[PDB]
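Virtual Cβ from ideal backbone geometry, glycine too; neighbours counted across all protein chains shown. Just so you know, all these numbers are worked out from the coordinates, no wet-lab data involved.
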Amino acid sequence: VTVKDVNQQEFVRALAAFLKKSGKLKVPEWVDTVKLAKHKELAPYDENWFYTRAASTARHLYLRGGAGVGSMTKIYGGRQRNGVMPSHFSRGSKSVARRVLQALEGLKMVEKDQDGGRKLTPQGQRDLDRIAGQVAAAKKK
Amino acid sequence: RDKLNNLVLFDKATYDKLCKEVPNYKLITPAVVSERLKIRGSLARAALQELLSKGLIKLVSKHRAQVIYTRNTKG
Amino acid sequence: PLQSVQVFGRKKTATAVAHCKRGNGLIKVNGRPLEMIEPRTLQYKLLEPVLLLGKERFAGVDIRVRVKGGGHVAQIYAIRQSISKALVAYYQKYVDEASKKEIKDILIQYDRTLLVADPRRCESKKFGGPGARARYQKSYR
Amino acid sequence: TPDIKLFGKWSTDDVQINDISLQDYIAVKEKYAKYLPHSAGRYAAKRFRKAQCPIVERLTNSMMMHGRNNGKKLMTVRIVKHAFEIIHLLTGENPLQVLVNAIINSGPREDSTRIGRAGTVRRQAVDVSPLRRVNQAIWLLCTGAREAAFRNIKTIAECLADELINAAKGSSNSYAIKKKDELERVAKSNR
Amino acid sequence: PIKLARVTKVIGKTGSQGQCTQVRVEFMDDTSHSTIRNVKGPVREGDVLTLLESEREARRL
Amino acid sequence: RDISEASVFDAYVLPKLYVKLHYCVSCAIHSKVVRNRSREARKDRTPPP
Amino acid sequence: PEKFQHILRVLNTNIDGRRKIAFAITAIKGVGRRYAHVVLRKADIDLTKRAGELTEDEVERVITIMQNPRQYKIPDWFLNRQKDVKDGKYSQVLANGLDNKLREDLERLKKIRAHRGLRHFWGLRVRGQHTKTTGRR
RNA sequence: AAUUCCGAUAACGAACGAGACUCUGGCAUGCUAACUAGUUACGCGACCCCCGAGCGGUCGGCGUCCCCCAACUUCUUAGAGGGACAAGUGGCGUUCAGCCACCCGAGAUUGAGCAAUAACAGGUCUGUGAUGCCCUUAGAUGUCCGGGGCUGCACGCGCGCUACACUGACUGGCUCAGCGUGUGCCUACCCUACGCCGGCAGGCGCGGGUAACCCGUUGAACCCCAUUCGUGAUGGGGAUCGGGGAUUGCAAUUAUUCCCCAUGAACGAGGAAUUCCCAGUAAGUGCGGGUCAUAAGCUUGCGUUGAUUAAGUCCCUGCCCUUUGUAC
RNA sequence: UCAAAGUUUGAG
């Protein structure tokens, strides 16, 4: 039972938790202080967000490989209330997507592929697929 | 006419009202609780989450926008 | 010899290309089971054909589907079409034309859209208004 | 599931209409009643096509109203399901039967058409088409709910459920059922 | 006393602004009896109006 | 037919109502008792059928 | 839980204890949902608490972070008054202090009879927006 | 729908318009087709690591790594054909022209473009090395350089955006488009992947792209899914203004744009009045092109989500024909 | 099977 086979919401939850239990990701010093994009009015409520984003990042990489930072921004994109002028797309934070990718690099979940960007790595492919199995054996529901 | 001043508390007489009355409604939504009592809305929601973990009210549905609960499940 | 039938469904600009196959009944789309796809309020929609025919018919028929284009709701409505068309195609070509007709009847009496496409498509804007038929506000005085 | 379709949950069969007139323009079972109240469904082709559309989907579409909620059908489907879930808790019986009963006793039976009459506007009262009574009922009550649910801590769904219940019952408490009796009464006042 | 009345023949769309269909009706209780009256909304040959009054019967308007 | 069902008399002929309205020109022309006509038509003094 | 404060008086402003804490603080001039949330996250507070809980040591602890953001690693950027002309300081101002800083800037330019000053003085639109049509009071 | 037809007939036979036409949209497991499409299902030739299920085989999943001496054209692109004509059945109709319904299947009706005669003293002499007359013509009404101004604000109006929140807001997460456009230029420059630096605006390195080749499976928004908030001008709203920071530029002060913190106004759905619109339409929603060193609250296109209501009438507002009256 | 609806550069 691979990860595609699973309800991706409840996956990234266990992935992040997995990444928390391991306790060797590398969350930077800002974390608390930083917004997460020019979109956002605020920072995240979930204080351990980094664990969550890494997961989503790794779980994307399982799905579409070779995805650089630029790639990551466009994925982590959305609406930009410009107040009294109308709304637009805004690209997510470069650095948080760079740091996540460098943090998953240090774990050896990911590796920089030929033709640029990151692809998630075999030893990584293990882990995501492992926790997919976990979720599928949560219960018949 | 309309001005409403809601509670944000574990405030004795209400707390008795929840734990006595609330589990013998057929609709137990925080909206229904907030109207009955003068309880905030956030307060209500959490209270109804406490009662669920206690087991005194059934879960119907637990959706983004609206949570539905029920009477104990009598027999 | 293999019993392969590539068929497509359609809605707006979504091409769902189901692919019926001499298999053991999967029915999974892009690369994951029908139980997700994940607009999810529109799940029953893309179960309908399977519920209306029963697993008996799909049983020994594996269906891989690929979608692209359109929006979420369309895409569904395309695959919805696709597989139920594709099954009908499968039965025609390998099973028997009495069975095809039996099925086709049981799809139509529910809904004509499960096989026949909406020729409807987004109608072009003409200047002097924001859309097609609507015009911009006239001032007068 | 193959022989009989439910509505996700609810029973389609054993939903009895009473008024032999809404009968045929309430579409809750010919046999054809569906799983979901979504459906691409081009029932705006010809004049009466609309009537063979299922009443729940008709309601669903109506719900989806005012600026923001334009073409937000899921948004509104979710509502319809929750209202129904609330109805089954509160009232019991099929929420489809209750919805139907609203439609029956909620839209007017007579109405006042604006005829010219010289120049200063004085109407004459007329009957209403069965389809017109269902259209009204549908939108009246759907609007009723929505109008209630603005600045109050109450779910659309919940108010939608409460309206459908107090319309199904001759309550004089639904916005619709009250609105219905107004019309008729005016309608009488220039018959 | 409410009476149901089956619609036998749409006559023609009257009303000021084009609205109230002039409509010939059978009377359901006793089909022998038949009024003509004006109706709002889309009507068609064969369906049922609920008339509250049943002794009024319009003509030109 | 309402009346002939609720008659005392078996059969009964039912009477009529004889009225010689006079109209002034305006009043005719207004209530459409008489239109205007073309130069040809004006001359042709047959009643309408 | 917690049966105490409910209403709160800090830094000459009030605060609703009955409000949630991040969104309660913001009632002080010179702190917004950003800076509050930060100031609390440095303080290490169960920010799902209402402000009508929260021990008086904690509200002191917050205030100290709030007044002294740079000592508690609330960085450059998150500071309304950076490199402030009158002395080489970069910091956050709070309460009536803020308003006084503001008045000292509009004074400064009024004293310089600067174009901006003058348009403040005259009570106009200052950030060269058009005014034929708008801001009529 | 049509001065479109049937028919009557001091008219007969013609011409323009209308229609036909062109582009478009929707049908083609039929044809021609492809390494700048897909591949397509295979073969799985595999890799690949336990990648998973599983004691192990056999499956599930993609990433892809693939060429060509695999196999095609369902999806793709776009050619040439086809295809619907009110043709078929039943009504109604001088049993003509036609109209209604229904079968099969798009049901004559997808939507644009072009578009008569005769006008208007409509607009344009600031689009033109189209141009009459008139004016000026070196102390210029030619031209160029600097500077300002077209942005000025008791006020009145017109298109517009954003709102007034809970069907919502935020905060995370999941997840789907289509039309285009793009440097190496008519006078100086584009689109941008990837990797580092920065919270961010951006900065610095290397690459691809005159393009179905790279940007780019254009990983859009709304929508969906969990968050919190809780009817409080509240976390709705984001005007106003202070402080700093980025870029475009020869230069940005009268804030060029951009980011950050702080500030937090009116506004709780809007009088009388009136606009626009009937099907993938309105409305929502984003994304392209235009201008563009810098760049959209405008517009011109695109798709995505997707209704209520009509299928009618001349009440108003208008138009087209007939007869009539007219001191116009 | 009839409510109210007055006026219109001197500037060619």
Which of the residues spanning region C:23-41 are away from chain D (no Cβ under 11 Å) and under 30 Å from D:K72 (Cα atoms)? C:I27, C:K28, C:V29, C:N30, C:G31, C:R32, C:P33, C:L34, C:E35, C:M36, C:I37, C:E38
Are any residues in region D:1-26 among the aliphatic types (A, V, I, L, M), within 14 Å of chain E (Cβ to nearest Cβ), in contact (Cβ under 8 Å) with a residue 12 or more places away in the chain and in a loop (DSSP other than H, G, I, E, B), and if so, which ones? D:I17, D:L22
Filtering region B:17-28 down to residues that are β-branched (V, I, T) and outside any helix (DSSP H, G or I) yields B:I28
Here's a check for you: in region F:21-41, which residue that is surrounded by 10 or more Cβ atoms within 10 Å (Cβ to Cβ) and part of a loop (DSSP other than H, G, I, E, B) is farthest from RNA strand H (Cβ to nearest atom)? F:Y23
Listed residues F:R35, F:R42; which is of a type in the set (D, E, K, R), farther than 30 Å from E:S32 by Cβ, away from RNA strand I (no atom under 16 Å from the Cβ) and more than 14 Å from chain E (Cβ to nearest Cβ)? F:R42
Any hit, region D:173-191, residues being part of a loop (DSSP other than H, G, I, E, B), away from RNA strand H (no atom under 11 Å from the Cβ) and at the interface with another protein chain (Cβ under 9 Å from one of its Cβ atoms): yes
Residues being away from RNA strand I (no atom under 16 Å from the Cβ) and either in a loop (DSSP other than H, G, I, E, B) or more than 14 Å from E:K3 (Cα to Cα) (or both) - total across region E:23-44: 15
Output the qualifying pairs, or none if there are none: Cβ atoms under 9 angstrom, residues six or more apart or on different chains, first residue in region C:77-88 and over 11 Å from C:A14 (Cα atoms), second residue in a helix (DSSP H, G or I) and of a type in the set (D, E). C:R80/C:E48; C:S84/C:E48
Give me the pairs: first residue in region B:53-74 and free of Cβ contacts under 8 Å to residues at least 24 places away in the same chain, second residue of a type in the set (K, R) and surrounded by 15 or more Cβ atoms within 10 Å (Cβ to Cβ), beta-carbon distance under 6 Å, and six or more apart or on different chains, which are they? B:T73/B:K58
C:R64 versus (1) of a type in the set (D, E, K, R); (2) within 13 Å of RNA strand H (Cβ to nearest atom); (3) buried (at least 17 other Cβ atoms within 10 Å of the Cβ); (4) in a helix (DSSP H, G or I): which is the lone unmet condition? (4)
When you scan region F:3-18, do you find a residue that is within 14 Å of chain E (Cβ to nearest Cβ), part of a loop (DSSP other than H, G, I, E, B) and within 16 Å of RNA strand I (Cβ to nearest atom), even just one? no
Sole exception among (1) at the interface with another protein chain (Cβ under 8 Å from one of its Cβ atoms); (2) among the β-branched types (V, I, T); (3) within 16 Å of RNA strand I (Cβ to nearest atom) for E:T14, by number: (1)
Odd one out for D:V128, checked against (1) under 19 Å from D:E182 (Cα atoms); (2) within 18 Å of the chain's Cα centre (by Cα); (3) in contact (Cβ under 8 Å) with a residue 60 or more places away in the chain: (3)
Under the condition of being crowded, with 17+ Cβ neighbours inside 10 Å and not β-branched (V, I, T), which residue from region E:43-52 is farthest from E:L4 (Cα to Cα)? E:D47
Scope region D:108-139; condition closer than 30 Å to D:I86 by Cβ, in contact with a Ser or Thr (Cβ under 6 Å, 6 or more places away or on another chain) and either assigned to a helix (DSSP H, G or I) or more than 7 Å from every other protein chain (Cβ to nearest Cβ) (or both); matching residues: D:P130, D:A137, D:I138, D:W139
If a residue must be within 6 Å of RNA strand H (Cβ to nearest atom), in contact with a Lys or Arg (Cβ under 6 Å, 6 or more places away or on another chain) and among the hydroxyl-bearing types (S, T, Y), how many such residues does region A:53-104 contain? 1
Of the conditions (1) more than 29 Å from C:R57 (Cβ to Cβ); (2) near RNA strand H (Cβ under 6 Å from one of its atoms); (3) loosely packed, with under 10 Cβ neighbours inside 10 Å, C:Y140 clears all except one; give me its number. (2)
Which one of G:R34, G:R9, G:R61, G:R70 is at the interface with another protein chain (Cβ under 9 Å from one of its Cβ atoms) and either within 13 Å of the chain's Cα centre (by Cα) or not hydrophobic (A, V, I, L, M, F, W, C) (or both)? G:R34
Consider F:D44 carefully, then state whether it is loosely packed, with under 10 Cβ neighbours inside 10 Å, over 15 Å from the mean Cα position of the chain (by Cα) and within 13 Å of RNA strand H (Cβ to nearest atom). yes
Counted residues, region B:30-75 - those being assigned to a loop (DSSP other than H, G, I, E, B) and over 16 Å from D:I156 (Cα atoms): 11
Total residues in region A:10-65, condition part of a loop (DSSP other than H, G, I, E, B), touching a residue at least 60 places away in the same chain (Cβ under 8 Å), within 26 Å of A:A137 (Cβ to Cβ) and of a type in the set (D, E, K, R): 1
Are any residues in region B:1-16 touching a residue at least 24 places away in the same chain (Cβ under 8 Å), aliphatic (A, V, I, L, M) and not in a loop (DSSP other than H, G, I, E, B), and if so, which ones? B:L7
Using the structure shown, decide if G:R108 is among the basic types (K, R), surrounded by 12 or more Cβ atoms within 10 Å (Cβ to Cβ) and either without any contact (Cβ under 8 Å) to a residue 24 or more places away in the chain or touching a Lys or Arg at 6+ places or on another chain (Cβ under 9 Å) (or both). yes
Residues of region G:70-101 satisfying the condition of being touching a residue at least 40 places away in the same chain (Cβ under 8 Å) and not in a helix (DSSP H, G or I): G:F78, G:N80, G:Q92, G:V93, G:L94
Residue hits (region C:42-68; more than 10 Å from chain D (Cβ to nearest Cβ) and closer than 14 Å to C:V29 by Cβ) are C:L46, C:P49, C:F58, C:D62, C:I63, C:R64, C:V65, C:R66, C:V67, C:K68
